[PDB]
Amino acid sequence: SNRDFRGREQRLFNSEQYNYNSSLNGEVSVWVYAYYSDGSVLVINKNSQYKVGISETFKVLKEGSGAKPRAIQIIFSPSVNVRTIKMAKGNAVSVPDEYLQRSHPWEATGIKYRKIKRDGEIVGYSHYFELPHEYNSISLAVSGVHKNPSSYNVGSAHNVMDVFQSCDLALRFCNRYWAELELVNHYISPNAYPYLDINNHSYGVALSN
């Protein structure tokens, strides 16, 4: 019966979480997972309103003696507008991508992002690429804009200062895990984050509807 208000409230509880996230009041989140030759995983996460981005350098461990980055997986929350996703990369600690005079400052990589799904629902977006063995490090920057459900100008006369503030307010986290197993068990799963593991298995929590 629909006299089951406990069930109805539980249903609304989950749904409202899903919907608040995709409102412009909600966060847009990016994760950069760097996979090292020793099986360890380094993750950078930043969460912010309106837009979010990361600019990082992943270096060979122990002054060049330890493990080296082998691959990168970039994850965006479902609140991102996939068409706004941009990436700039260098394979070096020294401006790797050809010459400044001829470089485009970014590529629109949205079309390469796969949908991470649980129960038919999009829990995130994933772009995975491996690094050339010939390289010991990668400088990488990625950026995404929150879906704008309306025709609302977040960058209009009055609203632009809020976006400037969003830049100050963004929170960044950096963690290293010993293996993807630890990553899944202690980072991804407990926080209900979207993820694809090495076996192409999807993680995350469907909240709609």
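The numbering used is simple: start at 1 and walk along the sequence shown.
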Out of 70-78 and 101-109, which stretch has the higher average CA B-factor listed in the record?
101-109
When mean C-alpha B-factors in the record are compared for 90-98 and 131-139, the larger belongs to 90-98
Going by the CA temperature factor in the entry, name the top one among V154, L171, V30, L183.
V154
For the C-alpha B-factor as written in the entry, point me to the maximum among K147, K51, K59, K62.
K62
Based on the entry's values, in what third of the chain does the Cα temperature factor of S37 lie: lowest, middle or highest?
middle
Taking the entry's C-alpha B-factors for this chain, is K46 in the lowest, middle or highest third?
lowest
Modelled-residue ranking by C-alpha temperature factor, third containing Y18:
highest
Looking at the entry's B-factor column for C-alpha atoms only, identify whether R118 ranks in the lowest, middle or highest third of its chain.
middle
